[PDB]
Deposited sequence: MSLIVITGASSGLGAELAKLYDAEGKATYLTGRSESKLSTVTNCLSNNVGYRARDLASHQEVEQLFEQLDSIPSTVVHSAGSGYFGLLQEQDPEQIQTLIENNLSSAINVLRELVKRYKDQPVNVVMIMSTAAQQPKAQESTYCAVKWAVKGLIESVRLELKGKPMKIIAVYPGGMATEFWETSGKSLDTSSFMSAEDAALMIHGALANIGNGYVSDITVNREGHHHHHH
């Protein structure tokens, strides 16, 4: 079983399609049941979807309780962008950023470790290149993405000797959440389709080595 968050659009939905196309069972979550339906009606081996607000620890606990089996992979791709000079940023929108990126990540990973730490699960945490450097006009975005990286690098240490593993993925140059201060009318981006193809290829480990951390970037 492959559980995918943020699966109603973007990288999460494109990953769903590649796993489904390999014949594998997927369970999809996102905020919009309407959008989830449309993704899931392209699939042929999908075993469910459920709209959830991952910023709610109660909703995340129910998400995993209702599954029929232990997932073999969980891909966390939920998140959102918000940008601008710090003094121009709206605090309510900053709070939403924290909820959608950091809270969602903490609630999902905590629930995974609670339930499945002694199970061979591959937890794929999708972050952003913003997790690894600072960026002008992205201060709170970097803040929440750096927060997720500190979380996963710590939890990796708590998972020493356990079969659960965390895989860190850092995309850059996708629509999902990019910020240009000027440009021509928006090949401006790495498509979700192509990012998902590369991420999926790298995670398909056929030997005794595995890819623990991967960065994928647009060329330009």
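Where C-alpha coordinates are absent, the deposited sequence of this PDB chain has the segments 1-2, 189-190, 225-230.
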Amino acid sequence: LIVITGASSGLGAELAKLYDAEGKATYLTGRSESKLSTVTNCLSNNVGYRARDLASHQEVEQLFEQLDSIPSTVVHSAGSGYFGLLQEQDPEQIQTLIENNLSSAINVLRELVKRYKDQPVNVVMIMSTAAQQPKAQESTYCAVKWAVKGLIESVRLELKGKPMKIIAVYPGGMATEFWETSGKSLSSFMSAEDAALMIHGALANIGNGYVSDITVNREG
From here on, numbers count along this sequence of modelled residues.
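Stretches 98-106 and 111-119 differ in mean C-alpha B factor, with the higher average recorded for 111-119. Higher mean CA temperature factor, per the PDB entry, when comparing 166-174 with 24-32: 24-32.
Among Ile152, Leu43, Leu54, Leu159, the highest C-alpha B-factor recorded in the PDB entry belongs to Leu43. In the PDB entry, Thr215 places in the lowest third of its chain by CA B-factor. Compared with the other modelled residues of the chain, the Cα B-factor recorded for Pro91 ranks in the middle third.
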